[PDB]
Amino acid sequence: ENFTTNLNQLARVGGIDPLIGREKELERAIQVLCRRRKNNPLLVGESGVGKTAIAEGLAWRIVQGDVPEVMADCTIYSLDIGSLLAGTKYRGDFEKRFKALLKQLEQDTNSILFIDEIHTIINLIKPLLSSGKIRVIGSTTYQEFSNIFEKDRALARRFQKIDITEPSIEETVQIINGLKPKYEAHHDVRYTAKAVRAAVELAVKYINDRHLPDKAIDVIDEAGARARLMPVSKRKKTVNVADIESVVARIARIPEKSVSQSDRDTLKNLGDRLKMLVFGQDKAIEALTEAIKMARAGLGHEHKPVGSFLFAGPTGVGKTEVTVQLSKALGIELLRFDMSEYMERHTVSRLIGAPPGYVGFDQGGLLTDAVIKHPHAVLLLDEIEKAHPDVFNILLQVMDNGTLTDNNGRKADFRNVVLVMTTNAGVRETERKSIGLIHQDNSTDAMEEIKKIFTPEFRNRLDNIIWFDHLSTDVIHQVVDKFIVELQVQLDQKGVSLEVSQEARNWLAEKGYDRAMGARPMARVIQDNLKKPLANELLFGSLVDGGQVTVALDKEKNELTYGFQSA
Amino acid sequence: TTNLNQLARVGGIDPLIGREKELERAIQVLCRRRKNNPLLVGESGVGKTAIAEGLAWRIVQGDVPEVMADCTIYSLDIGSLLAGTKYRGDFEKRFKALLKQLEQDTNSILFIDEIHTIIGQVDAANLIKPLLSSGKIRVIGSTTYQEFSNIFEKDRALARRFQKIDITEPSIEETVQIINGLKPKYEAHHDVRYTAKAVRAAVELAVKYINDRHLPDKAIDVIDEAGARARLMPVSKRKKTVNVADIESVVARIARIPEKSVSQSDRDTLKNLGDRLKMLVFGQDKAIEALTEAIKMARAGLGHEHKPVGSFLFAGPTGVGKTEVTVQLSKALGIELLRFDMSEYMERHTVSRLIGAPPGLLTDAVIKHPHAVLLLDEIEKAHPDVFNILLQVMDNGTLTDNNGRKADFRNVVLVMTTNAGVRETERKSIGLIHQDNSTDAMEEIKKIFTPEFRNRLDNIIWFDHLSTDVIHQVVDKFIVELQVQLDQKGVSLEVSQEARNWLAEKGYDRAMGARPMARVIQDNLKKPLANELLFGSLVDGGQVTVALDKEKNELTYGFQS
Ligand SMILES: Nc1ncnc2c1ncn2[C@@H]1O[C@H](COP(=O)(O)OP(=O)(O)OP(O)(O)=S)[C@@H](O)[C@H]1O
Ligand SMILES: Nc1ncnc2c1ncn2[C@@H]1O[C@H](COP(=O)(O)OP(=O)(O)O)[C@@H](O)[C@H]1O
Ligand SMILES: Nc1ncnc2c1ncn2[C@@H]1O[C@H](COP(=O)(O)OP(=O)(O)O)[C@@H](O)[C@H]1O
Ligand SMILES: [Mg+2]
């Protein structure tokens, strides 16, 4: 009694919440219990799916009487793992306590024991099952079932697998609606029907953390607590959809704008936002917006991925910038996998294999699990030309069916992820000089390179070939100013003030920036040129105090001249 | 047990400052129908207990919501039952009655400090709370992150009833305010007076040199230590004035840092060091210049403060002393040397030792020696998994082992030595006239290492083949090394100028660097002397001079005693 509480008796007095739905799942649980042998139900599931609640809901049904006569008198007791284990801290002392508890249940016929999180415990579990005097309910995670139940033949034979699947979107809101009267009575304030339905959709799309149904129940209670606690509750007797989103911000860790509904609103601002931080190449961003626009409208196959993008040109063509901004604008975690490392059998196995350890089974496919970890996260691929043709074939499979299957058996859905690729074929051909007495430009069309490097089917499945325009000199000058501004703000904290001449910015721009390497060398060029000379003075010299710095160039020698003042 | 609300009126609890974000989140979860019991998990020494007490004080103040007002916070001592109720059966009488007292008052709240002890007499406390509470009784639990995993994950019942709310680290400005509030107690205890400016500097200085503890604990310790230091350490006048100079001695002893490290008067050491390291290693002036330049930049220019002060990669031909630079760098800089051999870390199973306890080292070394030079020799040998640890260490600047303690990598300087550069096209061109061959820059280094990891490295330093002139300088170093060894036996070695040139050219190999130079000197100088020392006049110690004869172009050894 003390070690294990009585759920059936508890439900008779109250506390247990009535279970709505799950009629088919509960029906099967009743069926196995009525069996002469192998009558130990196993509510396999995931955290938050309601498997524990199903046990509590089953106990309520028995007292209510919605069960066969044989099961009407049965009593479900939930074994407390913490109570028995706590206070002993010894091997075999815990078992002695379990023997006494088991004896009490064995003495009383038609007694049901519920071992929540049974995998944690799993010596005495096998004997009670083999005897068959008392049937036992066990809740274990799907991952733990394979690790423990499947490996042990005896445990698997006695326990019957009952598949507990998460309810659909419509089902999840219905569960909240069924349980909404209880909540409203508890705090005396109600939620609008639009708000509860919206909570399910907004929670899963942004938080993506515990469970589809669990997040809905947790998000509704969190919203009511904030609104009721606030003094405005007297004036505000209903919960607005935005109010939940504002409360959801606390458990989101992102601004309210991201949580705010932007299915159609993001389209207009996202186009402007890309241009706000990126100068020029409006056509390139328009191609990206057009492909994702199709998914929001919804006039497409559900399995087909959200969007397909492509990038060409030299390294550092804003692939990281546009992707980071695109991910930020869409409020999706940025996931980037580099094909540059996938050039060997061991490395190429990484997409669907577990390079960290063969013993390790949880990670499985690193690229595949990344999608599973974040359903909406964007996938950024770079230097795909390097990768072997065989690896590229698997990409074609997911693009067609919009789904993948891991070696471990996990299934990943690409219906919610946009796939973008980056290619740098142009730099290799253009830099080469023609083999002739008089040289000729070796620049070639980017589309030509995509066709030769990749198979025709890839282009056919791909919605369109997107070529990003090359960087402009005006942008490079602005980029130089940004780095100086970044360096400038860093110096202001220490108390040093740096002033750079306009001619100095142009001077660094010509030598630093390269056509083949884009803006990558300019970044490095600004660090060594400016940080190194001041660094010596900052430690010891004129810049130790005051921090007065001037930057200028000498036209006669074409070398930068640095002036240091003690100040 | 005691009533914090009544204690607030007495004034025992100091006024809460800051923590608005945590308090706002804490009060809402408390009101929730489910997970009504807040769980204030926090890092060690983060002031989790103190902020919880502050919440009780806020109730009387009325800053909290009107509904929350009148809530009666309570605090129960664990030792009151572990020690007081030695007998069996008395425990149930006290908690059943206590829980009844908590009950009959809806606003009543409890605060069980160190909740990990409560769950894991201990067992009865865990079970008794949920069975009869039925959500009527609300409680607050404080525990460490390490302890939190041991209890929260093992028992799912607590998790459904408890909402984990993290405790943020207070700002330095926030921390100094706490010291001012508690300053009268510390001053009265040691009869010392603390300067307001110096107290603020103590918080800044404490974080700069002490990182194992958190901001509140380290700030409290330095201030309290200063009172004891001023109380007894100054023999002259037993002055009560506490200046930043005095606190420097306090942090100096506590942080195991040398006197004048606080002064920062090491610019001359770094300034002269430009050629001190180059004096010991010849032919790597360009390589060392870049290395020293980066160190100078990192010390003055913080750049990314979160990342380690220095990240370097040494690649080049064999015998160029790439590893030599690392060992000498620690001596010239004066920092301790930490050496790890990745050859032992060849397999994947063994790397678990590198990060934490074995399933069923880097972090431990760093905490023990924050100021150190982590020489990850033969880095290429280890599996790519290690690169992930280095990647996390470089970007985040901290690593967590199985114990979960945080290691400070900002002070330590990470360096590695790779042997990819040894590969060279030794074979000469197929022609009457030989043609120089240049290897592709970092071709092997680029392929072997991942691009993101390589980009994080500040500079992939290279090492050029030792020049013939440079090799001559190395000969002098080995001669001096032989000379000091012979000093113990008593022999004095003199080497002719012409002898040095002959030895240098015979042992000058670009691919092998300076390694063959040791062998030629060993065969030409150490081997003859050994026979003479064991079976000659040199046994008792005598002058020896070596000079080559032009006619036969071979060294001649003369022994005297
Ligand atoms: N450039 C150098 N300057 C001074 N001594 C050197 C130099 N290169 C090698 N040595 C000597 O060689 C020994 C140390 O060599 P190491 O530092 O192990 O060389 P290394 O090139 O790192 O070796 P590998 O390539 O890893 S086998 C000591 O006796 C040094 O004095
Ligand atoms: N289908 C469902 N019907 C009713 N409540 C559900 C359902 N699924 C989940 N819940 C809710 O899940 C909450 C926690 O129970 P459960 O998810 O079984 O816990 P656990 O995650 O520990 O297995 C309960 O408060 C319950 O109301
Ligand atoms: N707002 C505050 N007012 C007063 N003291 C505070 C405040 N915040 C933190 N403290 C201090 O925090 C300390 C409590 O640390 P504690 O939580 O017991 O550490 P640990 O978790 O390592 O055992 C005390 O010195 C206390 O005075
Ligand atoms: Mg070496």
# chains A, B, ... in the order shown; residues from 1 in each chain; ligands from 1
call {"tool": "residues_near_ligand", "arguments": {"ligand": "ligand 1", "cutoff": "6 Å", "atoms": "only C-alpha atoms and all ligand atoms", "output": "number ranges by chain"}}
result
B: 281-283, 318-324, 474, 514-515
call {"tool": "interface_residues", "arguments": {"of": "chain A", "to": "chain B", "cutoff": "9 Å", "atoms": "only C-alpha atoms", "output": "ChimeraX atom specification"}}
result
/A:2-3,5,15,80-89,116-117,120,183,186-187,218,221-222,224-226,228-231,250,338,340-341,355-357,487,490-491,531-540
call {"tool": "write_last_selection", "arguments": {"atoms": "N, CA and C atoms", "output": "CSV table (one decimal), in the first residue's frame"}}
result
chain,number,residue,atom,x,y,z
A,2,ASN,N,1.8,1.3,1.0
A,2,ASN,CA,2.7,2.5,1.0
A,2,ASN,C,3.6,2.6,-0.2
A,3,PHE,N,4.2,1.4,-0.6
A,3,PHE,CA,5.1,1.4,-1.7
A,3,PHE,C,4.4,1.7,-3.0
A,5,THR,N,0.7,3.0,-4.8
A,5,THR,CA,-0.6,3.6,-4.7
A,5,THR,C,-1.6,2.9,-5.5
A,15,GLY,N,-8.9,13.4,-8.7
A,15,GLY,CA,-7.5,13.6,-9.1
A,15,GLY,C,-7.2,13.1,-10.5
A,80,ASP,N,6.0,2.4,-7.3
A,80,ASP,CA,6.8,3.6,-7.2
A,80,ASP,C,8.3,3.2,-7.2
A,81,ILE,N,9.0,3.4,-8.3
A,81,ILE,CA,10.4,2.9,-8.4
A,81,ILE,C,11.2,3.7,-7.4
A,82,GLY,N,10.9,5.1,-7.3
A,82,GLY,CA,11.7,5.9,-6.3
A,82,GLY,C,11.5,5.5,-4.9
A,83,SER,N,10.3,5.2,-4.5
A,83,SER,CA,10.0,4.8,-3.1
A,83,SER,C,10.8,3.6,-2.6
A,84,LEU,N,10.8,2.5,-3.5
A,84,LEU,CA,11.4,1.3,-3.1
A,84,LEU,C,13.0,1.5,-3.1
A,85,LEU,N,13.5,2.1,-4.2
A,85,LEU,CA,14.9,2.3,-4.3
A,85,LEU,C,15.5,3.3,-3.3
A,86,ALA,N,14.7,4.3,-3.0
A,86,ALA,CA,15.2,5.3,-2.1
A,86,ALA,C,15.2,4.8,-0.6
A,87,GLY,N,16.2,5.2,0.1
A,87,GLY,CA,16.4,4.8,1.5
A,87,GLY,C,17.1,3.5,1.7
A,88,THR,N,17.5,2.8,0.7
A,88,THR,CA,18.2,1.6,0.8
A,88,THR,C,19.7,1.7,0.4
A,89,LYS,N,19.9,2.2,-0.9
A,89,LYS,CA,21.3,2.4,-1.4
A,89,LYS,C,22.1,1.1,-1.3
A,116,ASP,N,5.7,1.9,-14.1
A,116,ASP,CA,6.0,2.9,-15.0
A,116,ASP,C,7.5,3.0,-15.2
A,117,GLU,N,7.9,3.2,-16.5
A,117,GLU,CA,9.4,3.2,-16.9
A,117,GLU,C,10.0,1.9,-16.4
A,120,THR,N,13.9,1.1,-16.6
A,120,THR,CA,14.8,1.5,-15.6
A,120,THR,C,15.2,0.4,-14.6
A,183,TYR,N,-9.9,22.7,-16.9
A,183,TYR,CA,-8.9,23.8,-16.7
A,183,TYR,C,-9.7,25.1,-16.4
A,186,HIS,N,-10.8,25.4,-12.9
A,186,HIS,CA,-9.7,25.4,-12.0
A,186,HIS,C,-9.2,26.9,-11.7
A,187,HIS,N,-9.1,27.7,-12.8
A,187,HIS,CA,-8.6,29.1,-12.7
A,187,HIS,C,-9.7,30.1,-13.0
A,218,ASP,N,0.9,21.5,-22.3
A,218,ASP,CA,1.9,22.4,-21.5
A,218,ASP,C,1.7,23.8,-21.9
A,221,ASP,N,-1.6,25.5,-20.4
A,221,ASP,CA,-1.5,25.8,-18.9
A,221,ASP,C,-0.6,26.9,-18.7
A,222,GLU,N,0.6,27.0,-19.5
A,222,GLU,CA,1.5,28.1,-19.3
A,222,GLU,C,0.9,29.4,-19.7
A,224,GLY,N,-2.4,30.2,-19.6
A,224,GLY,CA,-3.4,30.6,-18.6
A,224,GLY,C,-2.7,31.1,-17.3
A,225,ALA,N,-1.6,30.5,-16.9
A,225,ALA,CA,-0.9,30.9,-15.7
A,225,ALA,C,-0.4,32.4,-15.8
A,226,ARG,N,0.1,32.7,-16.9
A,226,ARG,CA,0.6,34.1,-17.1
A,226,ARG,C,-0.5,35.1,-17.1
A,228,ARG,N,-3.7,34.8,-15.9
A,228,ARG,CA,-4.4,34.9,-14.7
A,228,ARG,C,-3.6,35.6,-13.6
A,229,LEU,N,-2.3,35.3,-13.6
A,229,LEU,CA,-1.4,35.9,-12.6
A,229,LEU,C,-1.3,37.4,-12.7
A,230,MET,N,-1.3,37.9,-14.0
A,230,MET,CA,-1.2,39.3,-14.2
A,230,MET,C,-2.4,40.0,-13.7
A,231,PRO,N,-2.3,41.2,-13.2
A,231,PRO,CA,-3.5,42.0,-12.7
A,231,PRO,C,-4.5,42.2,-13.8
A,250,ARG,N,8.6,32.5,-23.8
A,250,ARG,CA,9.4,32.2,-22.7
A,250,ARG,C,10.0,30.8,-22.9
A,338,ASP,N,28.8,19.7,-44.6
A,338,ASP,CA,29.8,20.0,-45.7
A,338,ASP,C,30.2,18.7,-46.4
A,340,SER,N,32.6,18.5,-48.3
A,340,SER,CA,34.1,18.5,-48.5
A,340,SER,C,34.8,17.4,-47.7
A,341,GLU,N,34.2,16.9,-46.6
A,341,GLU,CA,34.8,15.8,-45.9
A,341,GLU,C,34.4,14.4,-46.4
A,355,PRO,N,29.7,7.2,-37.6
A,355,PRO,CA,31.1,7.3,-37.4
A,355,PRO,C,31.6,7.4,-36.0
A,356,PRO,N,30.9,8.1,-35.1
A,356,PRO,CA,31.4,8.2,-33.7
A,356,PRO,C,31.7,6.8,-33.0
A,357,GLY,N,30.7,5.9,-33.2
A,357,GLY,CA,31.0,4.5,-32.6
A,357,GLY,C,30.0,3.5,-33.1
A,487,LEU,N,35.9,46.2,-36.1
A,487,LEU,CA,37.1,46.5,-35.3
A,487,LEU,C,37.0,47.8,-34.5
A,490,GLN,N,35.0,47.2,-31.3
A,490,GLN,CA,35.9,46.4,-30.4
A,490,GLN,C,36.9,47.3,-29.7
A,491,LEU,N,37.4,48.3,-30.4
A,491,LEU,CA,38.4,49.2,-29.8
A,491,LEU,C,37.8,50.2,-28.8
A,531,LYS,N,45.3,44.6,-37.2
A,531,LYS,CA,45.5,44.1,-35.8
A,531,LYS,C,47.0,43.9,-35.4
A,532,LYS,N,47.8,43.5,-36.4
A,532,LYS,CA,49.2,43.3,-36.0
A,532,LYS,C,50.0,44.5,-35.6
A,533,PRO,N,50.0,45.6,-36.4
A,533,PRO,CA,50.8,46.8,-36.0
A,533,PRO,C,50.3,47.4,-34.7
A,534,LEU,N,49.0,47.6,-34.5
A,534,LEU,CA,48.5,48.2,-33.3
A,534,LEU,C,48.7,47.3,-32.1
A,535,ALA,N,48.7,46.0,-32.3
A,535,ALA,CA,48.9,45.0,-31.2
A,535,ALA,C,50.2,45.3,-30.4
A,536,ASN,N,51.3,45.5,-31.1
A,536,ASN,CA,52.5,45.7,-30.4
A,536,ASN,C,52.5,47.0,-29.6
A,537,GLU,N,51.9,48.1,-30.2
A,537,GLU,CA,51.8,49.4,-29.5
A,537,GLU,C,50.8,49.3,-28.3
A,538,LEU,N,49.7,48.5,-28.4
A,538,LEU,CA,48.8,48.4,-27.3
A,538,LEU,C,49.4,47.8,-26.1
A,539,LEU,N,50.2,46.8,-26.2
A,539,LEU,CA,50.9,46.2,-25.1
A,539,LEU,C,51.9,47.1,-24.5
A,540,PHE,N,52.7,47.8,-25.3
A,540,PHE,CA,53.7,48.7,-24.9
A,540,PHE,C,53.9,49.7,-26.0
call {"tool": "residues_around", "arguments": {"residues": "residue 516 of chain A", "least_positions_apart": "4", "cutoff": "10 Å", "atoms": "only C-alpha atoms", "output": "short mmCIF file (atom, residue, chain, number, x, y, z; two decimals) with N, CA and C atoms, in the first residue's frame"}}
result
data_model
loop_
_atom_site.label_atom_id
_atom_site.label_comp_id
_atom_site.auth_asym_id
_atom_site.auth_seq_id
_atom_site.Cartn_x
_atom_site.Cartn_y
_atom_site.Cartn_z
N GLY A 313 29.19 29.63 -58.38
CA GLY A 313 30.17 30.70 -58.35
C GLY A 313 31.30 30.44 -57.37
N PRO A 314 32.16 31.44 -57.16
CA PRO A 314 33.31 31.25 -56.26
C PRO A 314 32.91 31.02 -54.82
N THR A 315 33.86 30.50 -54.05
CA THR A 315 33.66 30.32 -52.62
C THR A 315 33.34 31.67 -52.00
N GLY A 316 32.42 31.67 -51.04
CA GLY A 316 32.03 32.91 -50.41
C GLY A 316 31.25 33.82 -51.34
N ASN A 424 31.29 25.29 -56.83
CA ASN A 424 32.42 26.17 -57.12
C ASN A 424 33.20 25.70 -58.35
N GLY A 426 33.07 27.04 -61.38
CA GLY A 426 33.48 28.16 -62.22
C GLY A 426 34.91 28.63 -62.01
N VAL A 427 35.37 28.70 -60.76
CA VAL A 427 36.70 29.23 -60.48
C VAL A 427 37.80 28.38 -61.11
N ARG A 428 37.64 27.05 -61.10
CA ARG A 428 38.69 26.19 -61.62
C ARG A 428 38.91 26.38 -63.12
N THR A 430 37.82 29.03 -65.14
CA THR A 430 38.14 30.40 -65.55
C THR A 430 39.59 30.79 -65.25
N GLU A 431 40.14 30.37 -64.11
CA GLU A 431 41.52 30.76 -63.79
C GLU A 431 42.51 30.19 -64.79
N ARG A 520 36.58 36.13 -49.30
CA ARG A 520 37.30 35.44 -48.22
C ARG A 520 38.69 36.02 -47.96
N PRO A 521 39.53 36.31 -48.97
CA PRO A 521 40.86 36.86 -48.65
C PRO A 521 40.80 38.25 -48.06
#
call {"tool": "residues_near_ligand", "arguments": {"ligand": "ligand 2", "cutoff": "6 Å", "atoms": "only C-alpha atoms and all ligand atoms", "output": "list in words"}}
result
residues 19, 20, 47, 48, 49, 50, 51, 52, 53, 175, 213 and 214 of chain A
call {"tool": "write_last_selection", "arguments": {"atoms": "N, CA, C and O atoms", "output": "PDB file, in the first residue's frame"}}
result
ATOM      1  N   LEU A  19     -10.035  10.261 -19.488  1.00  0.00           N
ATOM      2  CA  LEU A  19      -9.337  10.048 -20.746  1.00  0.00           C
ATOM      3  C   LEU A  19     -10.326  10.168 -21.896  1.00  0.00           C
ATOM      4  O   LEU A  19     -11.378   9.520 -21.893  1.00  0.00           O
ATOM      5  N   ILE A  20      -9.974  10.995 -22.875  1.00  0.00           N
ATOM      6  CA  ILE A  20     -10.796  11.258 -24.051  1.00  0.00           C
ATOM      7  C   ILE A  20     -10.124  10.607 -25.252  1.00  0.00           C
ATOM      8  O   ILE A  20      -8.936  10.838 -25.513  1.00  0.00           O
ATOM      9  N   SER A  47       7.941   9.693 -24.535  1.00  0.00           N
ATOM     10  CA  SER A  47       7.616  10.629 -23.465  1.00  0.00           C
ATOM     11  C   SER A  47       6.595  11.657 -23.938  1.00  0.00           C
ATOM     12  O   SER A  47       6.756  12.272 -24.996  1.00  0.00           O
ATOM     13  N   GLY A  48       5.538  11.838 -23.146  1.00  0.00           N
ATOM     14  CA  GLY A  48       4.489  12.784 -23.460  1.00  0.00           C
ATOM     15  C   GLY A  48       3.362  12.236 -24.311  1.00  0.00           C
ATOM     16  O   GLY A  48       2.362  12.937 -24.509  1.00  0.00           O
ATOM     17  N   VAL A  49       3.487  11.006 -24.818  1.00  0.00           N
ATOM     18  CA  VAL A  49       2.447  10.419 -25.655  1.00  0.00           C
ATOM     19  C   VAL A  49       1.182  10.103 -24.870  1.00  0.00           C
ATOM     20  O   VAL A  49       0.115   9.934 -25.472  1.00  0.00           O
ATOM     21  N   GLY A  50       1.269  10.021 -23.546  1.00  0.00           N
ATOM     22  CA  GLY A  50       0.131   9.691 -22.717  1.00  0.00           C
ATOM     23  C   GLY A  50       0.040   8.240 -22.307  1.00  0.00           C
ATOM     24  O   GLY A  50      -1.037   7.808 -21.882  1.00  0.00           O
ATOM     25  N   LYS A  51       1.130   7.474 -22.422  1.00  0.00           N
ATOM     26  CA  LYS A  51       1.088   6.071 -22.026  1.00  0.00           C
ATOM     27  C   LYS A  51       0.799   5.938 -20.537  1.00  0.00           C
ATOM     28  O   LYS A  51       0.024   5.068 -20.123  1.00  0.00           O
ATOM     29  N   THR A  52       1.413   6.792 -19.713  1.00  0.00           N
ATOM     30  CA  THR A  52       1.113   6.766 -18.286  1.00  0.00           C
ATOM     31  C   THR A  52      -0.333   7.175 -18.052  1.00  0.00           C
ATOM     32  O   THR A  52      -1.027   6.590 -17.213  1.00  0.00           O
ATOM     33  N   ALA A  53      -0.797   8.188 -18.790  1.00  0.00           N
ATOM     34  CA  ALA A  53      -2.181   8.627 -18.682  1.00  0.00           C
ATOM     35  C   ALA A  53      -3.139   7.526 -19.108  1.00  0.00           C
ATOM     36  O   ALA A  53      -4.240   7.414 -18.557  1.00  0.00           O
ATOM     37  N   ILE A 175      -8.444  16.662 -27.771  1.00  0.00           N
ATOM     38  CA  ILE A 175      -8.107  16.262 -26.410  1.00  0.00           C
ATOM     39  C   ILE A 175      -8.080  17.483 -25.503  1.00  0.00           C
ATOM     40  O   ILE A 175      -8.582  17.450 -24.372  1.00  0.00           O
ATOM     41  N   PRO A 213       1.202  16.112 -28.645  1.00  0.00           N
ATOM     42  CA  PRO A 213       0.144  16.382 -27.656  1.00  0.00           C
ATOM     43  C   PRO A 213       0.651  17.024 -26.382  1.00  0.00           C
ATOM     44  O   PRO A 213      -0.011  17.920 -25.844  1.00  0.00           O
ATOM     45  N   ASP A 214       1.819  16.592 -25.882  1.00  0.00           N
ATOM     46  CA  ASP A 214       2.338  17.112 -24.616  1.00  0.00           C
ATOM     47  C   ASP A 214       2.590  18.611 -24.691  1.00  0.00           C
ATOM     48  O   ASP A 214       2.312  19.340 -23.734  1.00  0.00           O
TER      49      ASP A 214
END
call {"tool": "residues_around", "arguments": {"residues": "segment 74-82 of chain B", "least_positions_apart": "6", "cutoff": "7 Å", "atoms": "only C-alpha atoms", "output": "PyMOL selection string"}}
result
chain B and resi 1-4+91+109-112+121
call {"tool": "write_last_selection", "arguments": {"atoms": "C-alpha atoms", "output": "short mmCIF file (atom, residue, chain, number, x, y, z; two decimals), in the first residue's frame"}}
result
data_model
loop_
_atom_site.label_atom_id
_atom_site.label_comp_id
_atom_site.auth_asym_id
_atom_site.auth_seq_id
_atom_site.Cartn_x
_atom_site.Cartn_y
_atom_site.Cartn_z
CA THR B 1 11.70 24.99 10.50
CA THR B 2 11.35 28.76 10.18
CA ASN B 3 9.04 31.24 8.46
CA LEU B 4 10.84 33.37 5.88
CA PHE B 91 9.74 11.00 11.57
CA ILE B 109 4.58 27.37 0.12
CA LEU B 110 7.60 25.30 1.16
CA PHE B 111 11.27 25.61 0.14
CA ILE B 112 13.25 22.36 0.54
CA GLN B 121 13.76 8.99 6.57
#
call {"tool": "select_by_dssp", "arguments": {"residues": "segment 327-558 of chain B", "states": "strand (DSSP E)", "output": "NGL selection string"}}
result
:B and (336-341 or 372-377 or 413-418 or 459-462 or 492-495 or 543-549 or 554-558)
call {"tool": "select_by_dssp", "arguments": {"residues": "segment 118-253 of chain A", "states": "alpha helix (DSSP H)", "output": "MDAnalysis selection string"}}
result
chainID A and resid 118:121 125:131 142:144 153:158 169:187 193:206 212:229 241:252
call {"tool": "residues_around", "arguments": {"residues": "residue 33 of chain A", "least_positions_apart": "4", "cutoff": "10 Å", "atoms": "only C-alpha atoms", "output": "list in words"}}
result
residues 28, 29, 37, 38, 39, 40, 41, 70, 71, 112, 135, 136, 137 and 160 of chain A
call {"tool": "write_last_selection", "arguments": {"atoms": "C-alpha atoms", "output": "PDB file, in the first residue's frame"}}
result
ATOM      1  CA  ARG A  28      -6.539  -3.861 -26.997  1.00  0.00           C
ATOM      2  CA  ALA A  29      -5.136  -3.362 -23.486  1.00  0.00           C
ATOM      3  CA  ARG A  37      -1.401 -16.380 -20.671  1.00  0.00           C
ATOM      4  CA  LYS A  38       0.835 -13.588 -21.971  1.00  0.00           C
ATOM      5  CA  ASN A  39      -1.661 -11.134 -20.465  1.00  0.00           C
ATOM      6  CA  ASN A  40       0.943  -8.530 -19.440  1.00  0.00           C
ATOM      7  CA  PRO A  41       0.207  -5.384 -21.511  1.00  0.00           C
ATOM      8  CA  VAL A  70     -13.945 -10.013 -15.345  1.00  0.00           C
ATOM      9  CA  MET A  71     -12.042  -6.692 -15.379  1.00  0.00           C
ATOM     10  CA  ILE A 112      -2.862  -5.448 -11.615  1.00  0.00           C
ATOM     11  CA  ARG A 135      -0.676  -9.487 -14.568  1.00  0.00           C
ATOM     12  CA  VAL A 136       1.591  -6.444 -14.928  1.00  0.00           C
ATOM     13  CA  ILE A 137       1.389  -3.291 -17.078  1.00  0.00           C
ATOM     14  CA  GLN A 160       2.679  -7.951 -25.442  1.00  0.00           C
TER      15      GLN A 160
END
call {"tool": "residues_around", "arguments": {"residues": "residue 554 of chain B", "least_positions_apart": "4", "cutoff": "9 Å", "atoms": "only C-alpha atoms", "output": "PyMOL selection string"}}
result
chain B and resi 499+502+547-550
call {"tool": "write_last_selection", "arguments": {"atoms": "N, CA, C and O atoms", "output": "PDB file, in the first residue's frame"}}
result
ATOM      1  N   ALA B 499      86.438  22.662 -37.893  1.00  0.00           N
ATOM      2  CA  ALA B 499      85.755  21.415 -37.564  1.00  0.00           C
ATOM      3  C   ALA B 499      84.244  21.580 -37.639  1.00  0.00           C
ATOM      4  O   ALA B 499      83.536  20.685 -38.116  1.00  0.00           O
ATOM      5  N   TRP B 502      82.996  21.402 -41.293  1.00  0.00           N
ATOM      6  CA  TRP B 502      83.021  20.055 -41.856  1.00  0.00           C
ATOM      7  C   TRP B 502      81.876  19.209 -41.314  1.00  0.00           C
ATOM      8  O   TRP B 502      81.236  18.461 -42.061  1.00  0.00           O
ATOM      9  N   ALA B 547      90.778  19.073 -34.160  1.00  0.00           N
ATOM     10  CA  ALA B 547      91.037  19.896 -35.333  1.00  0.00           C
ATOM     11  C   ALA B 547      91.266  18.980 -36.526  1.00  0.00           C
ATOM     12  O   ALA B 547      91.911  17.937 -36.398  1.00  0.00           O
ATOM     13  N   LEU B 548      90.738  19.376 -37.680  1.00  0.00           N
ATOM     14  CA  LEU B 548      90.872  18.593 -38.901  1.00  0.00           C
ATOM     15  C   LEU B 548      92.149  18.945 -39.653  1.00  0.00           C
ATOM     16  O   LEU B 548      92.660  20.065 -39.567  1.00  0.00           O
ATOM     17  N   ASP B 549      92.664  17.960 -40.387  1.00  0.00           N
ATOM     18  CA  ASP B 549      93.856  18.115 -41.209  1.00  0.00           C
ATOM     19  C   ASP B 549      93.415  18.300 -42.658  1.00  0.00           C
ATOM     20  O   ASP B 549      92.587  17.536 -43.167  1.00  0.00           O
ATOM     21  N   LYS B 550      93.944  19.340 -43.302  1.00  0.00           N
ATOM     22  CA  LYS B 550      93.557  19.657 -44.673  1.00  0.00           C
ATOM     23  C   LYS B 550      93.928  18.551 -45.659  1.00  0.00           C
ATOM     24  O   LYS B 550      93.170  18.275 -46.597  1.00  0.00           O
TER      25      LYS B 550
END
